[PDB]
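Student: Next up is a structure, given as structure tokens.
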Amino acid sequence: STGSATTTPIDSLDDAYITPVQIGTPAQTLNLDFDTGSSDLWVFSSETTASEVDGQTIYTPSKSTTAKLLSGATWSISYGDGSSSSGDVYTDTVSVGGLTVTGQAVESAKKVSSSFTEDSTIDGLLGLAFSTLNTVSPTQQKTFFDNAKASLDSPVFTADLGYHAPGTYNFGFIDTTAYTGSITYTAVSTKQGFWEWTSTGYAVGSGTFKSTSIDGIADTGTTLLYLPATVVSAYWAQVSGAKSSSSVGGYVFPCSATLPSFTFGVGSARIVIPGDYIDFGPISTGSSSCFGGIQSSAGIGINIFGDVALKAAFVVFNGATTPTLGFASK
Ligand SMILES: O=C1CN(Cc2ccccc2F)CC=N1
């Protein structure tokens, strides 16, 4: 089997991407944030505290003839940005882009933190990291990919995120029309439950490439590119008037600037992030200070190849017995 779904930026800055997902019988279509940095499929629901729902579409398990309570199971998750959610669990039929999994754990939110409530465009998350991070207790549950894997034509999914435009998530096949040149594959460590890999270095604009190992995660659920402070300082030093602002919470730059590109290494290959991808616009409406898309990871404990980096590539998440990542230009 295969599946193919379009993913759409939630706003003009590409802050996140939403992908429609069919849940239940008859189908209830929710727009989920596909997150390769977590492993829970959770939704706004008929159980969510009413004051914490503000425009999201909800899953109502009582209207699904295939929904079953997963008796005794609870979940609770906290994300890198300080957001959280928790609740109880159903199993139900879940389809993405024509690919169907029966018996998928659908984590129903009873509580969500303010950042979720305040985002009307995201109806929940679909985790695509390794199932070892799934938070369901007392019986840990599998991701949608792990449940689909054995049925897929090839045990892979691909992320093809657009810059200020829709893109695609494919399951079970590699669309050889979707990228230029060849795919370079690189080793993955699953020890922390992430798609963790080691970049071979970076360049800033037309500058020389610096060969240096940068361990980090491929994370579709993180907006920005978080790298070591040395690398980030080297980038922003090429932008007149850029500075790290403790009050704003990262590097800002004059909105009048033209940003240089940023290149990262994948083995002997190179992915170029155009400068425009690094502009996240005014810090507040009408400001001439703009927020940067490359930020320090120093306060995180891990480097994160988030959407700013991934949207510059066609990315293969290879779930073979020994997982690997692939990157191609596009
Ligand atoms: O990397 C992230 C992911 N997400 C970004 C975001 C920002 C503004 C509005 C919506 C949105 F999803 C939440 C925080 N950090």
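Going by Swiss-Prot, the residues shown for chain A are 90-419, listed in order.
Cβ coordinates are placed from backbone N, Cα and C, and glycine is handled just like the others.
What Swiss-Prot shows for this protein is this:
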- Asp124: active site (ACT_SITE)
- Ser288: active site (ACT_SITE)
- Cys344-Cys379: disulfide bond (DISULFID)
- 106-417: domain 'Peptidase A1' (DOMAIN)
Student: Just to confirm: which same-chain residues, 6+ apart in sequence, have a Cβ under 8 Å from the Cβ of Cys379 (disulfide bond)?
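Tutor: In sequence order, the residues whose Cβ lies under 8 Å from that of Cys379 (disulfide bond) (at least 6 apart) are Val341, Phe342, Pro343, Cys344, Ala346, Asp368, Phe369, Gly370, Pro371, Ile372.
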Student: With every protein chain in view, how many other Cβ atoms are within 10 Å of the Cβ of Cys344 (disulfide bond)?
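Tutor: There are 14 such Cβ atoms around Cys344 (disulfide bond).
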Student: What is the separation, in Å, between the Cα atoms of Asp124 (active site) and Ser288 (active site)?
Tutor: 20
Student: Around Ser288 (active site), how many other CB atoms lie within 10 A of its CB?
Tutor: 22
Student: Which number gives the other C-beta atoms within 10 angstroms of the C-beta of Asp124 (active site), all protein chains shown included?
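Tutor: Excluding its own Cβ, the number within 10 Å is 21.
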